[PDB]
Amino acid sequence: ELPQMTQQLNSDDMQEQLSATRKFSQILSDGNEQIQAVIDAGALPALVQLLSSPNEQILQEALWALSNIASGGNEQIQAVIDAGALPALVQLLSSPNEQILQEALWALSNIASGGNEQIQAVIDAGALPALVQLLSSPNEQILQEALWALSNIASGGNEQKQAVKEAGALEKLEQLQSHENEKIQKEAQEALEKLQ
């Protein structure tokens, strides 16, 4: 019904616009409540514990569920932080399965998208060295997220910027210019100037 609905919003009859506007709110709040109803069920910590499952499939659906939550609002992020995901995720940064590595990267990018304190919980979980090492990485998939992540962290305060520098970003970042990839080339400039 969604696409009809997006038209009843552009309608002249006020019972039409109202009707459709309510349905849109119902759709939007039902979805948000399914999501909140998972955070509130107490799963996050058990999920976080499954990040170190011996079974790599279990590991991956768990990391997927987490990174999904961590893609939400500043409080879904907090619940993910509060359940102690940051260390586990940072650990997963040094993984052989480049799919697990790349998913953990993306979650950490999202968690570092929020407020300066959350960027700091990330910095405290010791992501920085792990994230600086992945700049050298040969796989451009990763190099790119790795760089996004540090750029997100470059966007925090004086003492986030200082820890990025303090962990070795300046050189690597600097020598990324000479990378064939044009979007990478660019993204480094942006990261450097934030830092200064």
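When you see a residue number, it is the position in the sequence shown, counting from 1.
Per the record, averaged over C-alpha atoms, which has the higher B-factor: 160-168 or 32-40? For C-alpha atoms only, the mean B-factor is higher in 160-168.
Using only C-alpha atoms and the B-factors in the entry, which stretch averages higher, 133-141 or 56-64? On average, C-alpha B-factors are higher across 133-141.
Quick one: classify residue 50 as lowest, middle or highest third of the chain based on its Cα B-factor. Its C-alpha B-factor, which the entry lists for residue 50, ranks in the lowest third among residues of this chain.
Lowest, middle or highest third: where is residue 27 by C-alpha B factor in its chain? It falls in the bottom third of the chain.
Comparing against every modelled residue in the chain, figure out the third that the C-alpha B-factor of residue 69 lands in (lowest, middle or highest). Lowest third of the chain for residue 69's C-alpha B-factor.
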